[PDB]
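Containing mmCIF, C-alpha atoms and all ligand atoms: query.cif.
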data_model
#
loop_
_atom_site.label_atom_id
_atom_site.label_comp_id
_atom_site.auth_asym_id
_atom_site.auth_seq_id
_atom_site.Cartn_x
_atom_site.Cartn_y
_atom_site.Cartn_z
CA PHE A 1 1.79 13.79 -14.81
CA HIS A 2 -1.19 15.40 -16.54
CA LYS A 3 -1.78 18.87 -15.10
CA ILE A 4 -5.26 19.38 -13.74
CA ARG A 5 -6.75 22.86 -13.32
CA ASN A 6 -7.46 23.87 -9.73
CA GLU A 7 -10.90 25.17 -10.78
CA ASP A 8 -11.74 21.67 -12.02
CA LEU A 9 -11.34 20.17 -8.54
CA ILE A 10 -14.05 20.17 -5.89
CA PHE A 11 -13.33 18.95 -2.37
CA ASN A 12 -16.30 17.25 -0.67
CA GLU A 13 -15.18 15.13 2.30
CA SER A 14 -12.13 14.94 4.55
CA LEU A 15 -10.68 11.45 4.97
CA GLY A 16 -8.12 12.44 7.57
CA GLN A 17 -4.37 12.55 7.51
CA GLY A 18 -1.86 10.18 5.99
CA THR A 19 1.90 10.41 6.37
CA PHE A 20 2.46 14.18 5.99
CA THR A 21 -0.63 14.28 3.78
CA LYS A 22 -4.21 15.43 4.03
CA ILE A 23 -6.63 13.22 2.14
CA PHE A 24 -10.01 14.13 0.63
CA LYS A 25 -12.80 12.74 -1.48
CA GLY A 26 -13.79 15.08 -4.27
CA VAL A 27 -14.79 15.49 -7.88
CA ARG A 28 -12.86 16.33 -11.03
CA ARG A 29 -14.67 18.04 -13.89
CA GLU A 30 -13.12 16.71 -17.11
CA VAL A 31 -13.55 16.15 -20.80
CA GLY A 32 -13.62 12.37 -21.26
CA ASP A 33 -13.83 9.85 -24.08
CA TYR A 34 -15.77 11.10 -27.10
CA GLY A 35 -15.62 14.61 -25.62
CA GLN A 36 -18.19 13.88 -22.89
CA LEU A 37 -18.10 16.22 -19.90
CA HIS A 38 -17.75 14.13 -16.72
CA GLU A 39 -17.77 14.80 -12.97
CA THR A 40 -15.48 12.01 -11.84
CA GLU A 41 -15.15 10.94 -8.20
CA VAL A 42 -11.50 11.28 -7.15
CA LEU A 43 -9.19 10.81 -4.20
CA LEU A 44 -7.15 13.95 -3.52
CA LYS A 45 -3.83 13.69 -1.67
CA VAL A 46 -2.61 17.11 -0.48
CA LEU A 47 0.99 17.93 0.39
CA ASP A 48 2.22 21.20 1.93
CA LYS A 49 4.63 23.05 -0.37
CA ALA A 50 6.73 24.13 2.64
CA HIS A 51 7.66 20.46 3.20
CA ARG A 52 9.64 20.56 -0.01
CA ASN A 53 11.73 17.40 0.46
CA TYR A 54 8.69 15.31 1.38
CA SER A 55 6.67 16.64 -1.52
CA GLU A 56 9.51 15.97 -3.99
CA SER A 57 9.85 12.40 -2.73
CA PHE A 58 6.10 11.76 -2.76
CA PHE A 59 5.54 13.02 -6.28
CA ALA A 60 8.67 11.41 -7.70
CA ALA A 61 7.39 8.11 -6.30
CA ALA A 62 3.92 8.54 -7.65
CA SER A 63 5.28 9.62 -11.02
CA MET A 64 7.68 6.68 -11.42
CA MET A 65 5.12 4.07 -10.46
CA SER A 66 2.48 5.68 -12.68
CA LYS A 67 4.76 5.18 -15.71
CA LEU A 68 4.06 1.47 -15.04
CA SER A 69 0.47 0.72 -15.89
CA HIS A 70 -0.80 -2.53 -14.30
CA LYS A 71 -4.22 -3.87 -13.39
CA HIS A 72 -3.31 -4.09 -9.67
CA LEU A 73 -1.65 -0.66 -9.33
CA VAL A 74 -3.79 2.37 -8.56
CA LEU A 75 -4.49 4.84 -11.33
CA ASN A 76 -3.36 8.43 -10.90
CA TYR A 77 -5.12 10.93 -13.12
CA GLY A 78 -2.70 13.78 -12.64
CA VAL A 79 -1.52 16.57 -10.41
CA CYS A 80 -2.49 20.10 -9.50
CA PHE A 81 0.38 22.34 -8.33
CA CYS A 82 -1.27 25.70 -9.07
CA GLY A 83 -2.53 26.29 -5.52
CA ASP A 84 -1.18 26.77 -2.02
CA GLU A 85 -0.36 23.06 -2.07
CA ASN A 86 0.61 20.14 -4.30
CA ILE A 87 -2.19 17.68 -4.98
CA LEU A 88 -2.21 14.16 -6.39
CA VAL A 89 -5.49 13.29 -8.13
CA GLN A 90 -6.14 9.54 -7.88
CA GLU A 91 -8.94 7.15 -8.70
CA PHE A 92 -11.39 6.73 -5.89
CA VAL A 93 -11.54 3.07 -4.88
CA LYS A 94 -15.05 2.21 -3.78
CA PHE A 95 -14.46 -0.21 -0.90
CA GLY A 96 -11.44 1.57 0.54
CA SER A 97 -8.59 0.03 2.56
CA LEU A 98 -8.43 -3.71 2.99
CA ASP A 99 -7.68 -3.55 6.69
CA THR A 100 -10.80 -1.45 7.37
CA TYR A 101 -12.83 -3.70 5.08
CA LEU A 102 -11.82 -6.77 7.05
CA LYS A 103 -12.73 -5.06 10.32
CA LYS A 104 -16.08 -3.79 9.09
CA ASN A 105 -16.99 -7.23 7.81
CA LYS A 106 -15.94 -8.78 11.14
CA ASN A 107 -13.49 -11.08 9.37
CA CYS A 108 -16.41 -12.98 7.81
CA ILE A 109 -14.43 -13.92 4.72
CA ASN A 110 -12.99 -17.32 3.95
CA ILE A 111 -9.49 -18.56 3.39
CA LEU A 112 -9.94 -18.66 -0.39
CA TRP A 113 -10.84 -14.92 -0.44
CA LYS A 114 -7.67 -14.17 1.52
CA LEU A 115 -5.58 -16.32 -0.84
CA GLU A 116 -7.03 -14.59 -3.89
CA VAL A 117 -6.10 -11.18 -2.50
CA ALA A 118 -2.64 -12.43 -1.57
CA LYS A 119 -2.10 -13.71 -5.14
CA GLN A 120 -3.18 -10.34 -6.59
CA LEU A 121 -0.80 -8.44 -4.34
CA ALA A 122 1.97 -10.86 -5.22
CA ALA A 123 1.29 -10.35 -8.93
CA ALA A 124 1.60 -6.59 -8.46
CA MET A 125 4.83 -7.02 -6.54
CA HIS A 126 6.30 -9.40 -9.14
CA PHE A 127 5.59 -6.75 -11.80
CA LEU A 128 7.33 -4.11 -9.66
CA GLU A 129 10.25 -6.49 -9.03
CA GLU A 130 10.71 -7.12 -12.77
CA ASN A 131 10.75 -3.34 -13.18
CA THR A 132 13.23 -2.96 -10.32
CA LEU A 133 10.89 -0.52 -8.58
CA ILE A 134 10.88 -0.46 -4.78
CA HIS A 135 7.49 0.53 -3.34
CA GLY A 136 8.54 0.80 0.33
CA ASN A 137 5.07 1.28 1.86
CA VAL A 138 3.32 -2.07 1.40
CA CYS A 139 0.74 -2.70 4.09
CA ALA A 140 -2.91 -3.73 4.29
CA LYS A 141 -4.12 -0.11 4.62
CA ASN A 142 -2.48 0.55 1.25
CA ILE A 143 -4.30 -2.30 -0.44
CA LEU A 144 -7.48 -0.82 -1.91
CA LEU A 145 -10.55 -2.96 -2.69
CA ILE A 146 -12.06 -2.15 -6.11
CA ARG A 147 -14.71 -4.88 -6.11
CA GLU A 148 -16.18 -7.30 -3.57
CA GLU A 149 -16.49 -10.99 -4.27
CA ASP A 150 -19.63 -11.96 -6.22
CA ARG A 151 -20.76 -15.48 -5.32
CA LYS A 152 -23.20 -15.78 -8.20
CA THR A 153 -20.82 -14.97 -11.04
CA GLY A 154 -17.79 -16.46 -9.31
CA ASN A 155 -15.83 -13.21 -9.53
CA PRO A 156 -13.23 -12.76 -6.81
CA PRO A 157 -12.51 -9.60 -4.88
CA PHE A 158 -10.19 -7.30 -6.83
CA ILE A 159 -7.48 -5.11 -5.28
CA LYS A 160 -5.02 -2.39 -6.18
CA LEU A 161 -1.87 -1.28 -4.46
CA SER A 162 -1.63 2.41 -3.58
CA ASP A 163 1.04 4.92 -4.57
CA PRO A 164 4.27 4.64 -2.61
CA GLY A 165 4.24 7.93 -0.69
CA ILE A 166 7.21 9.65 0.88
CA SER A 167 10.28 7.38 0.92
CA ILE A 168 11.42 5.88 4.24
CA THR A 169 14.87 7.13 3.19
CA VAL A 170 13.59 10.66 3.87
CA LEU A 171 11.05 10.16 6.67
CA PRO A 172 12.03 10.82 10.30
CA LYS A 173 13.48 7.87 12.24
CA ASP A 174 10.61 7.96 14.76
CA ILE A 175 8.09 7.29 11.99
CA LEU A 176 10.11 4.30 10.77
CA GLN A 177 10.15 2.86 14.28
CA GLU A 178 6.37 3.24 14.62
CA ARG A 179 6.16 1.30 11.35
CA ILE A 180 7.83 -1.80 12.75
CA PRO A 181 7.13 -4.56 11.72
CA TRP A 182 6.35 -3.34 8.18
CA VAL A 183 9.75 -1.61 7.92
CA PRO A 184 12.32 -4.41 7.93
CA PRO A 185 15.13 -4.70 10.48
CA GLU A 186 17.89 -3.66 8.08
CA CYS A 187 16.08 -0.36 7.37
CA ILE A 188 15.71 0.39 11.08
CA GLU A 189 19.48 -0.04 11.22
CA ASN A 190 20.12 2.19 8.20
CA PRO A 191 17.37 3.53 5.92
CA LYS A 192 19.92 3.39 3.08
CA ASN A 193 19.55 -0.41 3.19
CA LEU A 194 16.27 0.02 1.30
CA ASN A 195 16.23 -2.62 -1.42
CA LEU A 196 13.81 -4.79 -3.37
CA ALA A 197 14.20 -7.23 -0.47
CA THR A 198 12.42 -4.61 1.64
CA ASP A 199 9.13 -5.24 -0.11
CA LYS A 200 9.41 -8.99 0.45
CA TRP A 201 9.52 -8.42 4.23
CA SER A 202 6.57 -5.97 4.16
CA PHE A 203 4.61 -8.37 1.97
CA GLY A 204 4.94 -10.94 4.75
CA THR A 205 3.66 -8.43 7.33
CA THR A 206 0.78 -7.54 5.00
CA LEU A 207 -0.14 -11.20 4.62
CA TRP A 208 -0.20 -11.41 8.43
CA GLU A 209 -2.70 -8.50 8.53
CA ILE A 210 -4.87 -10.12 5.84
CA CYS A 211 -4.91 -13.37 7.83
CA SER A 212 -5.61 -11.59 11.12
CA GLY A 213 -8.84 -9.76 10.21
CA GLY A 214 -7.11 -6.39 9.88
CA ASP A 215 -5.45 -6.51 13.29
CA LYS A 216 -2.15 -4.66 13.51
CA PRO A 217 0.85 -6.75 14.47
CA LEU A 218 2.65 -5.67 17.67
CA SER A 219 -0.02 -3.08 18.41
CA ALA A 220 0.60 -3.63 22.15
CA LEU A 221 4.26 -2.59 21.82
CA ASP A 222 5.54 0.99 21.90
CA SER A 223 8.50 1.99 19.75
CA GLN A 224 11.13 0.98 22.31
CA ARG A 225 9.62 -2.47 22.61
CA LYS A 226 9.34 -2.75 18.83
CA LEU A 227 13.08 -2.11 18.67
CA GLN A 228 13.64 -4.83 21.28
CA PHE A 229 11.45 -7.16 19.21
CA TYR A 230 13.94 -6.92 16.32
CA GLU A 231 16.95 -6.93 18.65
CA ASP A 232 15.84 -10.32 19.98
CA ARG A 233 15.04 -11.45 16.40
CA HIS A 234 11.51 -12.49 17.15
CA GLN A 235 9.00 -13.45 14.51
CA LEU A 236 5.32 -12.63 14.49
CA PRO A 237 2.91 -15.17 16.01
CA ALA A 238 1.12 -17.42 13.55
CA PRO A 239 -1.98 -15.51 12.48
CA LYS A 240 -5.55 -16.60 13.13
CA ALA A 241 -5.80 -18.17 9.70
CA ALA A 242 -2.61 -20.23 10.02
CA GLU A 243 -2.54 -21.43 6.38
CA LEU A 244 -0.08 -18.69 5.37
CA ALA A 245 2.04 -18.81 8.54
CA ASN A 246 4.97 -20.53 6.82
CA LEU A 247 4.97 -18.10 3.91
CA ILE A 248 4.82 -15.15 6.31
CA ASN A 249 7.89 -16.39 8.16
CA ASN A 250 9.77 -17.15 4.93
CA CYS A 251 9.17 -13.64 3.67
CA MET A 252 10.02 -12.04 7.06
CA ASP A 253 13.54 -13.39 6.97
CA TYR A 254 16.04 -11.35 8.93
CA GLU A 255 18.58 -12.06 6.15
CA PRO A 256 17.39 -9.97 3.22
CA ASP A 257 19.25 -12.02 0.61
CA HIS A 258 17.29 -15.10 1.69
CA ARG A 259 13.80 -13.70 1.11
CA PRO A 260 12.13 -15.52 -1.79
CA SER A 261 11.43 -13.94 -5.19
CA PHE A 262 7.89 -12.97 -5.94
CA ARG A 263 7.76 -15.68 -8.61
CA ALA A 264 8.58 -18.20 -5.87
CA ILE A 265 6.01 -16.60 -3.57
CA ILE A 266 3.35 -16.89 -6.27
CA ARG A 267 4.19 -20.54 -6.82
CA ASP A 268 3.90 -21.15 -3.06
CA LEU A 269 0.50 -19.43 -2.99
CA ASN A 270 -0.69 -21.46 -6.00
CA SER A 271 0.38 -24.72 -4.36
CA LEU A 272 -1.78 -24.31 -1.24
CA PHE A 273 -5.34 -24.94 -2.49
CA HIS A 274 11.66 8.97 -4.74
CA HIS A 275 14.32 7.09 -2.73
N1 LIG A 301 -7.62 5.67 -3.78
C1 LIG A 301 -8.36 5.68 -2.72
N2 LIG A 301 -9.68 5.50 -2.72
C2 LIG A 301 -10.44 5.53 -1.63
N3 LIG A 301 -9.99 5.71 -0.36
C3 LIG A 301 -8.67 5.90 -0.23
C4 LIG A 301 -7.78 5.86 -1.38
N4 LIG A 301 -6.53 6.08 -0.93
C5 LIG A 301 -6.63 6.25 0.41
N5 LIG A 301 -7.91 6.13 0.84
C6 LIG A 301 -8.40 6.28 2.19
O1 LIG A 301 -7.82 7.52 2.68
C7 LIG A 301 -7.49 7.42 4.07
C8 LIG A 301 -6.02 7.76 4.29
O2 LIG A 301 -5.16 6.81 3.59
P1 LIG A 301 -3.63 6.59 4.00
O3 LIG A 301 -3.45 6.54 5.50
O4 LIG A 301 -3.12 5.41 3.21
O5 LIG A 301 -2.96 7.96 3.43
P2 LIG A 301 -1.57 8.16 2.75
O6 LIG A 301 -1.39 9.61 2.34
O7 LIG A 301 -1.51 7.20 1.58
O8 LIG A 301 -0.53 7.74 3.88
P3 LIG A 301 0.57 6.52 3.84
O9 LIG A 301 1.71 6.93 3.01
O10 LIG A 301 0.85 6.35 5.32
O11 LIG A 301 -0.12 5.26 3.29
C9 LIG A 301 -7.87 6.00 4.46
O12 LIG A 301 -9.20 6.01 5.00
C10 LIG A 301 -7.86 5.26 3.15
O13 LIG A 301 -8.74 4.15 3.11
MG MG A 302 -1.61 5.11 1.82
#
How does the structure come out when it is put into structure tokens?
Ligand SMILES: Nc1ncnc2c1ncn2[C@@H]1O[C@H](COP(=O)(O)OP(=O)(O)OP(=O)(O)O)[C@@H](O)[C@H]1O
Ligand SMILES: [Mg+2]
Amino acid sequence: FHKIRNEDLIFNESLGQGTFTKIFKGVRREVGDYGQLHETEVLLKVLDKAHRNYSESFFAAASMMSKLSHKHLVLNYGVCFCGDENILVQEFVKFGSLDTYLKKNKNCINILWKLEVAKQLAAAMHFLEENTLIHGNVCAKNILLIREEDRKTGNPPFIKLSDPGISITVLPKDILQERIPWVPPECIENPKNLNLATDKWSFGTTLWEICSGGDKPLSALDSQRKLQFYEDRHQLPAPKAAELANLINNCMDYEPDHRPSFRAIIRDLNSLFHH
């Protein structure tokens, strides 16, 4: 990662906490193309140095994925370690998290918009699959909306997938349980079961969120009931927009070896019309 001077970062707004992170909107002063001085809007993800294992996992993850440039993967500009903390400097995505976006717009988007976003996410995941890179933190909050749909020009919404964060192989078991049903059953059983199949399961859960207006699946269940949900091998209810219900269930297969490849997922979508 490109090292960014601490004096070149300004923190403007707090955006709350993530998973052992503090997140801010800020500005980076930089020399850009043609030597132009810019003040670029940035997302700053702050990790405490004292949480050494978490920080190492987080930055290893961000670093590996950032070696893989793709139009649907978020851009990281660099890192700043020369402070009291370790900071990831990321592009600021104008329309924020997809789940929030769907809530704020009262789910007034049509099925074709949802399908377009699903196809974009699937394209990102196929690229990661071909690169044998496990993300491990796919969910609608981690889908960032770059651009809204434009009816006049016919341009679809455009998304990027966030950095992976701290690996579920290092996070505390209680956090994994809270993350049912994004974390698949085999990882609740042993986090070492993390695999490319993991992201197929989480993709299914993410599609459920997209089709449910940014609702969270199993929100009414505490962690003990979420464990019972997997014990009894339940599936999620068909979402409000039921068009993707079959694909959701096929991806959320309790047998990880039976989850379809992302190429197969993409074909199914097209046919509708660190660790
Ligand atoms: N690149 C970005 N641009 C704009 N907003 C962002 C960006 N990344 C995150 N956010 C916003 O920051 C807030 C915190 O994000 P989030 O909970 O995903 O943090 P995190 O550190 O990535 O945690 P996790 O690993 O659980 O995803 C949310 O409001 C989210 O929309
Ligand atoms: Mg995130």
How would you report the residues lying within 10 Å of ligand LIG 301 (chain A), as a short mmCIF file (atom, residue, chain, number, x, y, z; two decimals) with C-alpha atoms, in the coordinates of the input, if you count all atoms listed in the file?
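Result file part_28.cif:
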data_model
loop_
_atom_site.label_atom_id
_atom_site.label_comp_id
_atom_site.auth_asym_id
_atom_site.auth_seq_id
_atom_site.Cartn_x
_atom_site.Cartn_y
_atom_site.Cartn_z
CA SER A 14 -12.13 14.94 4.55
CA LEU A 15 -10.68 11.45 4.97
CA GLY A 16 -8.12 12.44 7.57
CA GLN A 17 -4.37 12.55 7.51
CA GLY A 18 -1.86 10.18 5.99
CA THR A 19 1.90 10.41 6.37
CA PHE A 20 2.46 14.18 5.99
CA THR A 21 -0.63 14.28 3.78
CA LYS A 22 -4.21 15.43 4.03
CA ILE A 23 -6.63 13.22 2.14
CA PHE A 24 -10.01 14.13 0.63
CA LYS A 25 -12.80 12.74 -1.48
CA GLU A 41 -15.15 10.94 -8.20
CA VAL A 42 -11.50 11.28 -7.15
CA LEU A 43 -9.19 10.81 -4.20
CA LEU A 44 -7.15 13.95 -3.52
CA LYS A 45 -3.83 13.69 -1.67
CA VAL A 46 -2.61 17.11 -0.48
CA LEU A 47 0.99 17.93 0.39
CA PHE A 58 6.10 11.76 -2.76
CA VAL A 74 -3.79 2.37 -8.56
CA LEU A 75 -4.49 4.84 -11.33
CA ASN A 76 -3.36 8.43 -10.90
CA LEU A 88 -2.21 14.16 -6.39
CA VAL A 89 -5.49 13.29 -8.13
CA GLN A 90 -6.14 9.54 -7.88
CA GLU A 91 -8.94 7.15 -8.70
CA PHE A 92 -11.39 6.73 -5.89
CA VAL A 93 -11.54 3.07 -4.88
CA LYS A 94 -15.05 2.21 -3.78
CA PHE A 95 -14.46 -0.21 -0.90
CA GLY A 96 -11.44 1.57 0.54
CA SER A 97 -8.59 0.03 2.56
CA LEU A 98 -8.43 -3.71 2.99
CA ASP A 99 -7.68 -3.55 6.69
CA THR A 100 -10.80 -1.45 7.37
CA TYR A 101 -12.83 -3.70 5.08
CA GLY A 136 8.54 0.80 0.33
CA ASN A 137 5.07 1.28 1.86
CA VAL A 138 3.32 -2.07 1.40
CA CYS A 139 0.74 -2.70 4.09
CA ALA A 140 -2.91 -3.73 4.29
CA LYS A 141 -4.12 -0.11 4.62
CA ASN A 142 -2.48 0.55 1.25
CA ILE A 143 -4.30 -2.30 -0.44
CA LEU A 144 -7.48 -0.82 -1.91
CA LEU A 145 -10.55 -2.96 -2.69
CA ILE A 146 -12.06 -2.15 -6.11
CA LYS A 160 -5.02 -2.39 -6.18
CA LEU A 161 -1.87 -1.28 -4.46
CA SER A 162 -1.63 2.41 -3.58
CA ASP A 163 1.04 4.92 -4.57
CA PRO A 164 4.27 4.64 -2.61
CA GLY A 165 4.24 7.93 -0.69
CA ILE A 166 7.21 9.65 0.88
CA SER A 167 10.28 7.38 0.92
CA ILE A 168 11.42 5.88 4.24
CA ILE A 175 8.09 7.29 11.99
CA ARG A 179 6.16 1.30 11.35
#
### Summary
Atom pair CA of residue 57 in chain A + CA of residue 169 in chain A, distance 9.4 Å
### Message
Using Å and a single decimal, report how far CA of residue 211 in chain A sits from CA of residue 230 in chain A.
### Response
21.7 Å
### Task
Extract, using only C-alpha atoms, all DNA, RNA and protein residues at most 6 Å from range 4-6 of chain A, discarding same-chain residues fewer than 2 positions from it, and format them as number ranges by chain.
A: 8-9, 79-80
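Using all atoms listed in the file, the shortest contact distance between ligand MG 302 (chain A) and any of A:29, A:135, A:199, A:10 is found at A:135.
With all atoms listed in the file as the atoms that count, the minimum distance from ligand MG 302 (chain A) to the choices A:62, A:220, A:265, A:109 is reached by A:62.
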### Task
Rounded to one decimal place, report the CA of residue 70 in chain A-CA of residue 128 in chain A distance in Å.
9.5 Å
### Query
Closest to residue 1 in chain A among A:34, A:77, A:201, A:54, using only C-alpha atoms?
A:77
